[PDB]
Amino acid sequence: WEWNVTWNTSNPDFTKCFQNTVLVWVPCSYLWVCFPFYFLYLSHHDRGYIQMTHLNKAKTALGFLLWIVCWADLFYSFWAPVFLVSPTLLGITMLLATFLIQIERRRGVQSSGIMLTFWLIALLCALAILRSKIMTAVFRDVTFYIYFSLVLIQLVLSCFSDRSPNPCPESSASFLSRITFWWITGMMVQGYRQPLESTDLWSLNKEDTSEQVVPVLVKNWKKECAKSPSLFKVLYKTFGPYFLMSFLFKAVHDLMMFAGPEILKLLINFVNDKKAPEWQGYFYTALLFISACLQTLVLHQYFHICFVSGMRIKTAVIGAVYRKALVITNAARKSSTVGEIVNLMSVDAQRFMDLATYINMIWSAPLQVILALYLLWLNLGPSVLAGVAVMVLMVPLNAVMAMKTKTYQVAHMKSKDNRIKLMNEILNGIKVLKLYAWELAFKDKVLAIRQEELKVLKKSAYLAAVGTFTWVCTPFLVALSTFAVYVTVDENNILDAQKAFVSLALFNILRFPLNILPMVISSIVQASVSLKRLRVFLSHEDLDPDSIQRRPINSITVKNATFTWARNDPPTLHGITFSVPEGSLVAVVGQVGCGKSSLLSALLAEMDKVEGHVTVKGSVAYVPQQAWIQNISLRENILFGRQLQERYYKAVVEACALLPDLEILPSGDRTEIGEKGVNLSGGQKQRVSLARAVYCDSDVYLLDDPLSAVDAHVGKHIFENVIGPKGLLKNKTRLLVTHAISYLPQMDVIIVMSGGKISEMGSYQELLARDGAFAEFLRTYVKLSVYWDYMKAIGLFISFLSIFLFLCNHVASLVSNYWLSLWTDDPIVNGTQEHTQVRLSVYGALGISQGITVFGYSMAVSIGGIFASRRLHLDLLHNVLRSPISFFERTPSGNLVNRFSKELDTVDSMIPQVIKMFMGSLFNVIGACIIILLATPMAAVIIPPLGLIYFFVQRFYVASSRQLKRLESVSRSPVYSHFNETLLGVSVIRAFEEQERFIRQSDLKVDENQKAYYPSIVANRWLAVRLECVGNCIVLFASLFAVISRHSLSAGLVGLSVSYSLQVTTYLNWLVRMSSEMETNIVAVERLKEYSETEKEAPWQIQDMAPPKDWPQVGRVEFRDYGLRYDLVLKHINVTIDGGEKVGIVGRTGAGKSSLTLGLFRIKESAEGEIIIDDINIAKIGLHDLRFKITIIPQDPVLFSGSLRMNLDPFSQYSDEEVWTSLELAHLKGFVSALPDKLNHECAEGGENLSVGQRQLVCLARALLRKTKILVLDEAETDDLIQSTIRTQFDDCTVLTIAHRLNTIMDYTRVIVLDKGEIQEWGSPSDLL
Ligand SMILES: C[C@]12CC[C@H]3c4ccc(OS(=O)(=O)O)cc4CC[C@@H]3[C@@H]1CCC2=O
Ligand SMILES: N[C@@H](CCC(=O)N[C@@H](CS)C(=O)NCC(=O)O)C(=O)O
């Protein structure tokens, strides 16, 4: 080895000894170090054995022949020391190669990465020797030609995939296809033609499905708890081994990327040095291209590994949380807010998956800094210390800022949750709000919290501006400090391109690890507390099934059993004993808080058994007090997974008297009942629950007050056909918690208790004869138009200022780098450069302008986003409130809420950041291309083909990824939606013993989410590789055209072009990523303005024909030929209600009774009618005016969240004395004075704390405080009170009354009867009879 032939001569030939030693030791050596390690994978991972195919044999036979040929050399040598050891070593490694394909066949691997890279390395080594041997010119040469031809054919064979031993093609994908991710390209094509749906999505890998990952974590956590508990131990014990490879991949990727600046150094030396061989530059550019491609492949395999591991972590955590929820104790379940348990899978699971892809940064960010610093130390020297100072002045600050960001993020979710719930209260109750005309206040109420939001979003915007400044300017800031110090401390400190641009490249390579390090640390610390929460959920006590002896088929046996609701709380059921025989009806009897429901909970192993013995025999069907309804159809609610039996189902439905409920419901039993679908009354929910229990056909039934909400006739019918001895459950052991005596004599056994203690149980007649506790009990009683629209929403001046500042930034950066190229071209004079202070001053001024302009650019667009979010929320609120209630009933509340939630969040927190990042990446790519073109114009021919290659990759990915990012977001909500359902009905899940079914359903939901998430991450890793190679071949091309024209280009220009080509690599990938994110997030801005053009209500205030202050002078109502639609519900209505005359409206279901009120409040428009109050037409008056001058007490009053005073008057227009007087007149003074908060009592959503009677009296208080002459009543215990109050002082005012009860309407004169919209009778009740 001497530079005489390997470097100096224009023919770069390797020496003969080098050829025969190192070029042969490289490949043989590769297989020797990998062979042992490869058994680990081959053994731990198995897939069967591949059959005997021609390909496998062809490879094995060539491996035998290759070994022979290599040993044939040893034979001829036997017939120089290197002529013995080298052929034998090659033969032995060849014998290891053929044995390896053999064992790979045995272990079922179709595509072999080792048997592809090994042949590639051998081929390259053979190629080098081949060229040398063909340039030298029989004896030993022909053996090498045979070896090379066989190696080439072996390499070609190794590319094809062997036979296998809508599934994901990844399993059958070749290594060439598993490194380029070519197997997803089909979806990239398919997503371009046919929009994707869930069926097209590939099935999850068997090692990736929840059915496999979750039991691993469950088993490992069980082992860890049995050992002692730390969730981190299990987390890095189960997912650690697969996550290990990401480390090797990240280390190799770091080394490969650092190799780039070294090759740039060598290329700058070559260009700067004439009289050098021309092949040296070509070798350097080929090496740079190879290094860039290898770095791309290794890096993207690393992320694939990280992203798969994070997804597995999320799946396992979600499954473990779901399975632990069904075993958790009541005490513990209540300790953690239900919403908190949903958050465990909503955020904690997500945060883990998001963080996993970057855990390796904690070890590689410092490495990419330390190695870069060493590299910088090789170029500049001690001056690099100044650069370190900049890091000490940057990385900490960002970290602090990063933490603050998270804080503000939390505060954001403080206000977001503060509004969405309020928005729900607005969305559930639009009828009452429109009638009470508080639309404008709530608008401001809602608007107030948005302003509070922006108070927090603007703080986050200041932080985000600091973050983009500290990210994009980080490479320059370090470069400026280090260059200034380097050129100032020493006068002989020459600055050549080699010692500047290479360093500059390093600064681009220290941009990423430097600023992601803080973020990641932040994402670690936050994840840390999330982890603790998970541990808190996974260390909670379990409910031992042995507590209740569940013997398969004296039916229920309890002796000396005391139960608790908690370990430390006192017993709720003290010393209970009773024996319920098979097929007997037992009624639990007691007062409120006695312990009746606790008995049924104890029989289900829900109570904590401190002592005793319970021996419930056979399956148990639980009808809980609080009915649990699944969001599935009513048929599947009753079925509860069990097979459908038409005769049994049709015997169960009417026996529960569910036939009228089926009739009223739109789709019958196929209607979507539950919270999300159609809402059901409490009695209907109890029926469904009872019907589900009856269909389940258990032997033991625990009916915790099934007849609480059903009416007396319906309850008696139900007991007759279901629970009674002559019903459906005649032979079933039925336990019924009741407080109604009507069915007590039919009960076989009455268990009457007091204070959680058995108190003289027995049969009804015997208990009555005994005259004890039971007697006492009885005696008790996308086009661009949307981008233009968002640009308008931001503000045209702000947007154009942001564009101007961005252009200034990129021009400044490009000009500063060109200035550096000129500065490095200053000829050394006597060991210095004449222009050092001037050049450095220009560089510093340009960069200071660049930094301040970056700060301005980020801040400007951030403020524009704030403004756009403000205006968009104002527009959405105004349009929603202006829309009539027909729109409100038509559109599901889900999409109306989605307009305000999870979509405003994208507009206000994602779109500004994503647009900043997109614009930055796009103009960085444009600037790099411009610099390369300026340096080497001949590279222009490169632009079309690669551009074409870009275009398709730009066209295919963005079309497909969007769908993948929608479908995923489609399946994420049900996973939590199921879990919530599971959490609400845990007792019902355990009582029916259907834990496995719900566990499998949750696993299916999670797999549905992952079947869209996995294609998304693989799409990212496919797009990444595609764009990288394009940015990689331009690095090779820029370098190649620099080498071609080295006689005219200075070293500085070459280094500048190569460095910009190095960074355009990551810039192109980030460009398209953010381009797809633009469409996905700008669809939200499009959907925000989905109601701006819909039909709105009549103007609230006309102000041209406004009525006088006392508009209802007497309250003379006149329906003059009224006709209301939504063919005509109201028709031919010509009636006159005199001022201060009580009038009621009677009619059956389907008449226009209620629709008549809708006529008074102009909620809908008159198809044909001229309703006039006094001497003024209603249709001419603005809505608010009439809605303010007329009052309505609806069917169900809505108590909005807030204080009682804001309920009675949000406009706070009426004085406190008026509020007090109205509340006293509403029979509410005693109660309203009782709250500690006086008038400021904080009532929850819908007034859950208040009783129904109270809420009704609060609505009456609202109507009374209004003090209007026209009042409407909608009638459905407190009826006596509300009727008396409406008859007390409102006699002066004209009252219309729509009551489903004739008793109250009889009191009111002038009754109007509506048969089918027509006026059937118009006169006083005296004339009625
Ligand atoms: C670190 C990051 C990768 C890319 C980053 C980036 C890239 C270019 C950029 O501006 S650019 O002008 O250089 O295009 C800004 C940023 C800001 C932060 C942004 C991400 C936050 C989380 C993440 O994975
Ligand atoms: N220089 C980076 C290149 C990798 C990269 O893609 N960086 C960012 C984006 S600029 C990232 O992690 N993206 C992951 C993704 O594509 O989701 C490194 O060393 O990791």
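Numbers run from 1 along the shown chain.
Recorded method is electron microscopy, 3.5 Å.
Quick reminder: no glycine exception, Cβ is built from N, Cα and C everywhere.
Record features, source Swiss-Prot:
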| type | residues | note |
| --- | --- | --- |
| CARBOHYD | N4 | N-linked glycosylation site |
| TRANSMEM | 19-39 | transmembrane segment |
| TOPO_DOM | 40-59 | topological domain 'Cytoplasmic' |
| TOPO_DOM | 99-110 | topological domain 'Cytoplasmic' |
| TRANSMEM | 142-162 | transmembrane segment |
| TRANSMEM | 235-255 | transmembrane segment |
| DOMAIN | 243-526 | domain 'ABC transmembrane type-1 1' |
| TOPO_DOM | 256-281 | topological domain 'Extracellular' |
| TRANSMEM | 282-302 | transmembrane segment |
| TOPO_DOM | 303-358 | topological domain 'Cytoplasmic' |
| TRANSMEM | 359-379 | transmembrane segment |
| TOPO_DOM | 404-465 | topological domain 'Cytoplasmic' |
| MOD_RES | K421 | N6-succinyllysine |
| TRANSMEM | 466-486 | transmembrane segment |
| TOPO_DOM | 487-508 | topological domain 'Extracellular' |
| DOMAIN | 556-780 | domain 'ABC transporter 1' |
| TRANSMEM | 792-812 | transmembrane segment |
| DOMAIN | 799-1080 | domain 'ABC transmembrane type-1 2' |
| TOPO_DOM | 813-849 | topological domain 'Extracellular' |
| CARBOHYD | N830 | N-linked glycosylation site |
| TRANSMEM | 850-870 | transmembrane segment |
| TOPO_DOM | 871-913 | topological domain 'Cytoplasmic' |
| TRANSMEM | 914-934 | transmembrane segment |
| TRANSMEM | 936-956 | transmembrane segment |
| TOPO_DOM | 957-1027 | topological domain 'Cytoplasmic' |
| TRANSMEM | 1028-1048 | transmembrane segment |
| TRANSMEM | 1051-1071 | transmembrane segment |
| BINDING | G1147, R1148, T1149, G1150, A1151, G1152, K1153, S1154 | ATP 2 binding site |
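In terms of C-alpha distance, the listed recorded positions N4, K421, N830 place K421 closest to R1148 (ATP 2 binding site). Residues 185, 188-189, 191-192, 929, 1023, 1026-1027, 1030, 1033-1034, 1037-1038, 1041-1042, 1044-1045, 1049, 1057, 1068, 1072, 1075 of the same chain lie 6 or more positions beyond the ends of the transmembrane segment (936-956) yet place their CB under 8 Å from a CB of it. By neighbour count, meaning other C-beta atoms within 10 Å, the densest spot among the recorded positions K421, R1148, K1153 is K1153. Separating the Cα atoms of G1150 (ATP 2 binding site) and the residue listed as 'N6-succinyllysine' is a whole-number distance of 34 Å. Secondary structure of the topological domain 'Cytoplasmic' (404-465), assigned with DSSP and counted as helix (H, G, I), strand (E, B) and coil, comes to 58 helix, 0 strand, 4 coil. With Cβ pairs under 8 Å as the measure, the transmembrane segment (914-934) is packed most heavily against 1051-1071, out of 235-255, 359-379, 850-870, 1051-1071. Of all the binding-site residues in the record (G1147, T1149, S1154), the one with the smallest CA separation from the residue listed as 'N6-succinyllysine' is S1154. With a cut-off of 8 Å between CB atoms and residues at least 6 apart in sequence, the same chain places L1314, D1315, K1316, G1317 near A1151 (ATP 2 binding site), listed in sequence order. Beyond its flanks by at least six residues, the transmembrane segment (792-812) meets 472, 846-847, 849-850, 853-854, 856-857, 860-861, 863-865, 867-868, 871-872, 919-920, 923-924, 926-927, 1085 of its own chain at Cβ-Cβ distances under 8 Å. The shortest Cα-Cα distance from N4 (N-linked glycosylation site) to any of the recorded positions (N830, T1149, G1152, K1153, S1154) is found for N830. Looking at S1154 (ATP 2 binding site) and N830 (N-linked glycosylation site), their Cα atoms lie 101 Å from each other. DSSP gives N830 (N-linked glycosylation site) a coil state; it is part of no helix or strand. With a cut-off of 8 Å between Cβ atoms, the residues of this chain six or more beyond the transmembrane segment (359-379) that come close are 243, 246-247, 250-251, 254, 257-258, 261-262, 302, 306, 387-388, 391, 482, 498-499, 502-503, 506, 509-510, 512-514, 516-517, 520-521, 524.
A Cβ distance under 8 Å defines the sequence-distant neighbours of the topological domain 'Extracellular' (256-281), meaning residues of its chain 6+ beyond its ends; these are 7-10, 12, 287-288, 291-292, 294-295, 298-299, 368, 371-372, 375, 496-498, 501-502, 505-506, 509, 1039, 1042-1043, 1046-1047, 1049-1051, 1054-1055, 1058-1059, 1062. The ATP 2 site is defined by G1147, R1148, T1149, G1150, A1151, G1152, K1153, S1154, and by the 8 Å test on Cβ atoms against their centroid, the other residues of the chain that qualify are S1155, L1314. Distance from the CA of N830 (N-linked glycosylation site) to the CA of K1153 (ATP 2 binding site) is 105 Å. The recorded positions in question are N4, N830, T1149, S1154, and the one with the fewest Cβ neighbours inside 10 Å is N830.
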